[PDB]
Every structure is written in C-alpha cells, then in structure tokens.
Amino acid sequence: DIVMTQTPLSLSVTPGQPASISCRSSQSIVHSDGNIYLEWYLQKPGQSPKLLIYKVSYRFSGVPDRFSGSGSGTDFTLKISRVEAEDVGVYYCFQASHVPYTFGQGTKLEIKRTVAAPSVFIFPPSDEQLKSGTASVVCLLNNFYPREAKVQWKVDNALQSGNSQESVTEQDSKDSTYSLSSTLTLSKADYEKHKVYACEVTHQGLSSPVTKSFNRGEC
Amino acid sequence: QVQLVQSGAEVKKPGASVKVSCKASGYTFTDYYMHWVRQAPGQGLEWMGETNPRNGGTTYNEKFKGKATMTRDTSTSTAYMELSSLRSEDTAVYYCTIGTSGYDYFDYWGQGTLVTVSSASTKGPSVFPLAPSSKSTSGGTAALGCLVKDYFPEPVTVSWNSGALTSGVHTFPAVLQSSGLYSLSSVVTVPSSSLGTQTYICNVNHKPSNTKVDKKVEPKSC
Ligand SMILES: Cn1c(CNc2ccc(C(=N)N)cc2)nc2cc(C(=O)N(CCC(=O)O)c3ccccn3)ccc21
Numbered sequence: 001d002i003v004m005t006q007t008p009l010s011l012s013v014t015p016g017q018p019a020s021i022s023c024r025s026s027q028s029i030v031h032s033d034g035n036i037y038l039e040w041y042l043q044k045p046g047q048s049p050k051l052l053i054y055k056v057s058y059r060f061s062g063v064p065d066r067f068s069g070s071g072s073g074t075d076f077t078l079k080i081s082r083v084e085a086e087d088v089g090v091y092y093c094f095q096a097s098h099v100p101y102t103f104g105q106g107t108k109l110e111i112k113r114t115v116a117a118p119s120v121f122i123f124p125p126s127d128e129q130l131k132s133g134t135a136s137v138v139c140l141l142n143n144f145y146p147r148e149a150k151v152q153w154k155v156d157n158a159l160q161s162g163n164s165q166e167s168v169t170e171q172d173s174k175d176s177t178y179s180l181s182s183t184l185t186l187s188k189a190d191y192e193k194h195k196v197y198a199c200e201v202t203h204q205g206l207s208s209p210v211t212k213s214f215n216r217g218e219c
Numbered sequence: 001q002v003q004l005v006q007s008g009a010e011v012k013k014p015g016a017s018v019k020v021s022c023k024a025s026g027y028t029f030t031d032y033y034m035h036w037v038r039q040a041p042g043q044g045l046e047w048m049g050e051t052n053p054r055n056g057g058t059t060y061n062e063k064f065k066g067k068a069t070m071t072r073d074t075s076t077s078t079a080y081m082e083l084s085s086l087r088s089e090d091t092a093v094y095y096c097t098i099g100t101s102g103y104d105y106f107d108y109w110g111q112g113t114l115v116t117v118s119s120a121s122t123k124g125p126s127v128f129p130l131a132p133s134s135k136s137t138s139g140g141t142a143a144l145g146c147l148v149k150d151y152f153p154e155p156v157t158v159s160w161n162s163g164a165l166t167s168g169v170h171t172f173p174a175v176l177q178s179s180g181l182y183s184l185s186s187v188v189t190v191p192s193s194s195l196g197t198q199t200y201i202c203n204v205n206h207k208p209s210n211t212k213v214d215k216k217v218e219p220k221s222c
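If you're matching them up, the sequences are chains B and A in order.
So that you can map any letter, position 160 of the first sequence is 160 in the authors' numbering, and since no number is skipped, the others follow by simple counting.
So that you can map any letter, position 68 of the second sequence is 68 in the authors' numbering, and since no number is skipped, the others follow by simple counting.
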C-alpha cells in the first residue's frame, strides 16, 4: 500500500499568517488515466472530514480562496495564505490513484490567538443526585487561551487528591478558545462531613488565582 | 439536499456481527459508488472499499476483504457494511461517503457510526441538571448545563432545545471513570437577565442503550 506521510505533525499559527502542510507519497500516484488523484480534507472533532482540494491543485466549490494545493511526483503541499479561526482541526492528504486508496496520518492546526483568562463557574450537586447517595460538584473554566489552565479542589481549604476528573474541549472554531470542566465526586456521607467546596483556577491570563466556592446546604 | 444518514452507535460482543446502514437521499442512488471509511486512533483514516450500486459489486481494500461485507438495497436506497467475527481491534467510527464527480473526490459523507467491541454490557446514563445560580454567573452571563453520568460505551450526544440552541454550547469529551463507565457534561452560557423567560432543555441521546432523555434545567433561587 502507498504510505502518505504528513509533515509537520502539528502547527500553531497566529490569525492572518500563512500555514503550510506537506504530504509525501511512498510511491508515484499517477492513475492509469494519467491524472494524480491527490485530495486534502479538513476534519473537526466529532465531525466527518470535509473536502478542500482535489487532483493536487483544484479547489473544491465553496472552499475559500485562501486554500491552495500544489505538487508533483511524490511531494504535495497544502497552503493557507492567511489563517482564520474556522481553519482549526486536522488536515489529511489522500490518494485515490491506486487501490487501496490511502490517507495521511493528519496534521493538527492550532490558532495562536491572544491570551484570554477563563470565566469560572461552580455548580453544587443537584438535589436529584443527592437523593441517589452520590455528590458531584462541577467547576467550569470557560473560553480561555492558551489551553493550560490548572484546577485544584479544596474542601474546607484542604487540598483534594484522587476524587476529581477533568476534560478540555477542542479549540473553538469561532473565538479560538478552550473550555475545561472539572468534576469532584464524593459519596453523600463524605460530602456531608465538609462545609466549604472550592475550585481554585490558575492560568497565564490570571495574575492571581481565581477561587469559586459555596457552602454545602446553603441552597 | 444530498444526505447520507447512518445507523446509530452499537456495542457488540467479541465474535458477533454488526450491520451498519447508510440511507441515501437527495440524488439517484444508482448514479454513484458507495464507499466505506474506517476511523480508529492509531491506524487513523482507512478506505475499506467501493460498492457499485448498479451491479452491487464491491472493490475492497485487501485489509478489509472478508472481514467487511458491503451490499446495497436499490429499493430503499440504502447501503450496508457488515462486519463479521468482531474483535476489540474493530472498535472505530465507520463512515459512508460518495463522490459526485466521477472518481475525483468525496464531497458527501454520512455522520459516522461508532462500533464498540466489548464483553461489558451497555449502560444508559443518569442525567443531572447543572442549574444556574448566583454561583454560576459571571458579569451578566449565566452558565447552566447537564451532567451525563455512568454510561457505557461511547458516544452520548447532547443537543439544547432540540438543536435550536447551539451558540456558547460546550459538550465536553467523555472521561473514563475507574468503573470503566464514561461521564460527560454539556454546558451553555446565556444572558442572566432572561432566566425568567427562557426555557433550556438538554436532549441527551445514548444510542447503544436506546436512551433518550430530555431534561429541563430550572434556575436555582440561590
Ligand atoms: C471506480 N469509480 C468510482 C469510485 N468512486 C470514487 C469516488 C471518489 C474517489 C476519490 N475520493 N478520489 C474515488 C473513487 N466511481 C466511478 C464512476 C464511473 C463512471 O464514470 N460511471 C458513469 C457510467 C455511465 O456513463 O453511466 C459510473 C457510475 C456509477 C457506476 C458505474 N460507473 C467509473 C468508475 C468509477
């Protein structure tokens, strides 16, 4: 099978600046008809890939003029003249000149926007969950940049360990930010031993940590 | 107009079979070859084969030959991909795709079907509201959401107000818990001024357990 190798593996570009992605085929990709069936696709998380360029250099209908393809032999390149927020995701090259048709491993494009501090929100466990014998406390870190935001849980100012789980979103296609969710999970019995539940947030955009807290039973 | 609607996610035991469907609309079914593409982290995106909708013949990728059996029903404009003798390594997202300009490109894709191969039985999630309160406001913005806890396998989809509310929505990637079950949260930021007039419902779908939950997130008077 023809191996399609993409370089670089990842790219971080400031809005309005160019982006270049290379795709190298392990063999020639000239179809018996004489054409080179080399395509470029953009895939966003949870979504199907979307066609950008076909037959090396042809721009698919509806794709912005900032996208262009070039190449010959075994060396193909995708170019973005000026990157926009909407360009985030994973770029894949693909050959359909020889069976089996093969895809590249992918190149992740990150948009290098300005620093944005997170907005912090806290949710006590719901009354319906407390009826079941479990208590989940949610701390939301919203629309920040860069992705490195640290969350620490404190229960009556005592630093917690091993009772929380977090998840970061993909980079937003509109504002180039990330959001993070952290969940503290305790039994109703452990939950009832303490009063002050706090999530402390550290980030590049915060000169000093931001703490959001509540007193158990006050709602 | 051109649509490719695939069957929902399924959990299957090792050694069992699974038939994924791809319902085509908005074009004459017999005009274009139907393709199946696998996506698994590691091996990445792989083209499995192409089915001729006229004669029903499939040109397979050697790697998927035998393992995958592709068919088409011209009476229902539906293409099928059947995987037999399922193994852990078959866990992946399976897409159907078509090319409308000869064999130049793939312009239309289905939404994908996640097939999970496991001995663990399906588990439907519990849905808990993340009610807006004084503790979840920032300026004139209120955050609210839903906590989707203890499901297996992936995925869960979350929409807000049957898809009418999308702006400021963040449905977080699932987290694997110690129990082997998954959890996720879906949040939205809205004006705090209109919490008294607007209604916010999270629509939670877990296709492998046939779970459909609609949860109205009521503001907290705290
Ligand atoms: C191998 N191949 C494919 C595979 N699709 C494909 C899509 C995209 C890509 C890609 N991503 N590059 C790669 C492959 N589609 C083909 C269409 C024709 C064709 O011209 N006709 C018209 C015949 C008439 O005049 O009726 C046709 C139509 C229906 C059935 C049979 N033949 C010939 C060969 C074809």
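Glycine is no exception: its CB is placed at the ideal position from the N, C-alpha and C atoms.
The beta carbon of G16 of chain B sits no closer than 8 Å to any heavy atom of ligand 1. Closest in C-alpha terms to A174 of chain A, from the list B:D175, B:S173, B:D172, B:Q165, comes B:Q165. According to the DSSP assignment, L4 of chain A belongs to the beta strand (DSSP E) that extends over 3–6. In this structure, ligand 1 has no non-hydrogen atom nearer than 8 Å to the beta-carbon of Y191 of chain B. When distances are taken from the beta-carbon of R72 of chain A to the heavy atoms of ligand 1, even the shortest one reaches 8 Å or more. Relative to ligand 1, the nearest heavy atom lies less than 8 Å away from the CB of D104 of chain A. For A189 of chain B, the enclosing alpha helix (DSSP H) covers residues 188–191.
Under a criterion of Cβ atoms nearer than 7 Å, the residues of chain A adjacent to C219 of chain B are, in order, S133, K220, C222.
In this structure, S48 of chain B and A131 of chain A do not form a Cβ contact; the two beta carbons are roughly 34 Å apart against a cut-off of 8 Å. Contact annotation for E62 of chain A against chain B: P100 [CB-CB distance below 7 Å, chain order].
Per DSSP, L130 of chain B is one residue of the alpha helix (DSSP H) stretching across 127–130. Residue nearest to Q204 of chain B within the set B:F144, B:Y54, B:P124 is B:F144 (criterion: CA-CA distance). Three or more pairs of CB atoms, one per stretch, sit closer than 8 Å, so the segment 107–116 of chain B contacts the segment 81–89 of chain B. For the segment 94–125 of chain B, the set of positions with a beta-carbon nearer than 9 Å to some beta-carbon of chain A reads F94, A96, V99, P100, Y101, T102, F103, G104, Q105, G106, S119, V120, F121, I122, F123, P124, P125 in chain order. Not a single C-beta of chain B is nearer than 9 Å to the C-beta of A68 of chain A.
Counting C-beta atoms within 10 angstroms of its own C-beta, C222 of chain A has fewer than 16 neighbours from the protein chains shown and is therefore classed as exposed. Boundaries of the beta strand (DSSP E) harbouring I122 of chain B: 119–123, taken from the DSSP string. Non-local C-beta neighbours of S25 of chain B in its own chain, meaning closer than 7 Å and more than five positions away in sequence, comprise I2, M4, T74, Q95, ordered along the chain.
Collapsing the DSSP output to three states places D90 of chain A in a helix.
Fewer than three Cβ pairs drawn from the segment 53–66 of chain A and the segment 11–30 of chain B lie within less than 8 Å of each other, which leaves the two stretches out of contact.
C-alpha of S22 of chain B to C-alpha of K188 of chain B: approximately 54 Å in a straight line.
Annotation for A116 of chain B: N143, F144, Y145, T177, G205 place their beta carbon closer than 7 Å to its own, counting only its chain and skipping 5 residues before and after.
The three-state reading of DSSP puts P208 of chain A in helix, counting H, G and I together. Interface criterion met: the Cβ of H170 of chain A is under 9 Å from a Cβ in chain B. Under DSSP, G16 of chain B forms no beta bridge with any residue. For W160 of chain A, not one C-beta of chain B is nearer than 9 Å to its own C-beta. Close to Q111 of chain A, with beta-carbon spacing below 7 Å, are these residues of chain B in chain order: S48.
Excluding the 5 residues flanking it on each side, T28 of chain A has no same chain C-beta neighbour closer than 8 Å. Pairing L38 of chain B with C219 of chain B, the inter-Cα distance amounts to about 60 Å. Here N55 of chain A carries a coil assignment [DSSP, helix/strand/coil].
Shortest gap from the CB of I98 of chain A to any heavy atom of ligand 1: under 8 Å. Within 8 Å of the C-beta of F144 of chain B there is not a single heavy atom belonging to ligand 1.
Non-local beta-carbon contacts of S10 of chain B in its own chain, meaning distances under 6 Å to residues more than five positions away in sequence, involve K108 in chain order. Only buried fits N61 of chain A, as 16 or more other CB atoms lie within 10 angstroms of its CB.
Think of a sphere of 9 Å around the beta carbon of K212 of chain B: the chain A residues whose beta carbon falls inside it are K135, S136, in chain order. Those residues of the segment 177–201 of chain A placed with their C-beta closer than 8 Å to a C-beta in chain B are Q177, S183, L184, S185, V187, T189, ordered along the chain.
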